[PDB]
Student: 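Would you mind keeping the following structure in view while I ask a few things?
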Amino acid sequence: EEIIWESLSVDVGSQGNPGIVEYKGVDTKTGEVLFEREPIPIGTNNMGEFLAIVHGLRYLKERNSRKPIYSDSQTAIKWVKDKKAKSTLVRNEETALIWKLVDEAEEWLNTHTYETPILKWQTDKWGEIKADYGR
RNA sequence: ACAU
DNA sequence: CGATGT
Ligand SMILES: [K+]
Ligand SMILES: [Mg+2]
Ligand SMILES: [Mg+2]
């Protein structure tokens with residue numbers, strides 16, 4: 001119904017899908033960029049959406065912040081809830097980096113606690129998520 | 001179908 | 001138009 005402005009918003013950006021993947025997190029109210037991941041040579045949109053949420057969880061936990069996280073990705077929200085990223089991306093030499101990060105993100109979820117609400121950004125009602133890459 |  | 005996902 002109402003945007004929770006006191007929140008962190010995350011999004012992926014890519015060149016190709018699968019392709020080069022990056023992600024970032026922003027203050028929903030101001031758009032200030034709070035973190036940005038260096039581009040990963042090959043990944044999928046959903047792997048990047050997933051890593052962005054988990055990075056957000058770790059970022060907020062380290063800062064003792066109880067703000068929620070917004071993502072526009074139905075898929076990534078579910079993967080985080082399940083602590084399991086059910087990607088179809090082949091595991092080979094060229095995808096090793098993204099899969100290492102995904103494996104490590106699952107491992108973090110399996111060894112840490114958090115109460116952060118992970119909320120669906122309602123693009124149809126509110127426009128593009130504030131972390132969007134505009135592409 | 002819906003979400004990207 | 002193509003791909004990633006539930
Ligand atoms: K974009
Ligand atoms: Mg997105
Ligand atoms: Mg976007």
Side-chain angles (χ1 to χ4, degrees):
Chain A
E1 182 60 288
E2 268 261 82
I3 291 166
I4 298 175
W5 288 101
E6 186 171 317
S7 61
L8 172 69
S9 293
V10 302
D11 198 13
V12 70
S14 87
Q15 301 157 236
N17 185 30
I20 301 173
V21 166
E22 63 195 315
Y23 67 75
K24 68 181 188 285
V26 310
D27 184 316
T28 304
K29 192 176 315 188
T30 68
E32 177 183 358
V33 181
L34 302 177
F35 56 81
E36 270 189 295
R37 167 64 208 202
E38 175 182 297
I40 299 152
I42 301 291
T44 69
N45 64 329
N46 292 324
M47 297 167 90
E49 299 269 20
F50 171 76
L51 292 177
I53 297 174
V54 179
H55 194 79
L57 289 172
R58 300 179 69 166
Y59 179 91
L60 291 173
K61 184 179 179 75
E62 176 75 29
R63 289 160 179 76
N64 292 314
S65 171
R66 291 172 52 80
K67 284 174 177 181
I69 293 169
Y70 276 114
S71 170
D72 67 22
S73 174
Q74 191 178 111
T75 297
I77 295 173
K78 180 183 191 297
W79 286 359
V80 171
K81 177 179 186 176
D82 293 345
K83 313 189 180 204
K84 191 67 192 177
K86 212 180 76 175
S87 180
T88 69
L89 188 65
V90 61
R91 286 187 183 256
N92 62 23
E93 179 126 64
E94 64 177 13
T95 68
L97 173 53
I98 195 85
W99 268 117
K100 183 168 183 288
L101 290 171
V102 168
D103 290 345
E104 287 168 350
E106 291 178 351
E107 179 58 35
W108 187 90
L109 293 172
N110 281 331
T111 50
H112 299 75
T113 66
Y114 68 86
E115 296 170 38
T116 304
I118 300 170
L119 306 178
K120 178 64 173 70
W121 181 263
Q122 288 179 59
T123 305
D124 57 336
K125 300 178 193 174
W126 302 338
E128 284 291 348
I129 195 166
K130 303 310 181 182
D132 182 46
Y133 281 81
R135 62 208 211 189

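Numbered from 1 within each chain, the chains take letters A, B, ... in sequence-line order.
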Student: Name all residues meeting the salt bridge (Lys or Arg N to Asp or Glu O under 4.0 Å) criterion together with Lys84(A); count only those two or more places apart in sequence or in a different chain, and write none if there are none.
Tutor: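 Partners of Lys84(A) by the salt bridge (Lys or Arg N to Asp or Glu O under 4.0 Å) criterion, ordered by chain and then number, come out as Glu106(A).
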
Student: Using ring-ring contact (aromatic ring centres under 6.0 Å, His included) as the criterion, list what pairs up with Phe35(A), not counting sequence neighbours.
Tutor: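 ring-ring contact (aromatic ring centres under 6.0 Å, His included) check on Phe35(A) returns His55(A), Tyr59(A).
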
Student: Rounded to whole angstroms, how far apart are CG on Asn46(A) and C1' on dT6(C)?
Tutor: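 Those two atoms, CG and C1', are 10 Å apart.
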
Student: Any ion pair linking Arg135(A) and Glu22(A) (charged N to carboxylate O, less than 4.0 Å)?
Tutor: yes

Student: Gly25(A) and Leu8(A): which non-hydrogen atoms are nearest, and at how many Å?
Tutor: C-CD1, 4.0 Å

Student: Residues of residues 13-34 of chain A with any non-hydrogen atom less than 4.0 angstrom from an atom of DNA chain C: list those, numerically ordered, please.
Tutor: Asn17(A), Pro18(A)

Student: Atom CD of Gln122(A) and atom CD of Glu1(A): how far apart are they, to the nearest 0.5 Å?
Tutor: 8.0 Å

Student: Does a sphere of radius 6.0 Å around NZ in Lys86(A) hold more than 12 heavy atoms from other residues, nucleotides or ligands, not counting ones at 6.0 Å or beyond?
Tutor: no

Student: Any chain of hydrophobic side-chain contacts (each under 4.5 Å) joining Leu34(A) to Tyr70(A)?
Tutor: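 No; tracing contacts between hydrophobic side chains, which count when under 4.5 Å, never links both residues.
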
Student: For the CG atom of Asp72(A) and the CD1 atom of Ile77(A), what is their distance to the nearest 0.5 Å?
Tutor: 8.0 Å

Student: Taking the side chain as everything from C-beta on, heavy atoms only, tell me whether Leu89(A) gets closer than 4.5 Å to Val102(A).
Tutor: no

Student: Measure CD/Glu49(A) against P/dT4(C) and give the value in whole Å, please.
Tutor: 15 Å

Student: Going by side-chain heavy atoms closer than 4.5 Å, which hydrophobic residues are tied to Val26(A), directly or by a chain of links?
Tutor: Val33(A)

Student: In whole Å, what is the span from the CG atom of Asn45(A) to the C1' atom of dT6(C)?
Tutor: 13 Å

Student: In whole angstrom, what separates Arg135(A)'s CZ from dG2(C)'s P?
Tutor: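 Value for this atom pair: 22 Å.
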
Student: With a 4.0 angstrom cut-off to heavy atoms of chain A, pull out the first and last contacting nucleotide of RNA chain B, in 5'-to-3' order.
Tutor: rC2(B) to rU4(B)

Student: Can you tell me how far apart OG (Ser73(A)) and NZ (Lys78(A)) are? Round to the nearest 0.5 Å.
Tutor: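 Rounded to the nearest 0.5 Å, the OG-NZ separation comes to 12.0 Å.
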
Student: Can you list, in residue-number order, the parts of residues 67-81 of chain A that come under 4.0 Å of DNA chain C, counting heavy atoms only?
Tutor: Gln74(A), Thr75(A), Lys78(A), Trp79(A)

Student: Output yes when at least one side-chain N/O atom of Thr44(A) is less than 4.0 Å from OP1 or OP2 of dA3(C), else no.
Tutor: no

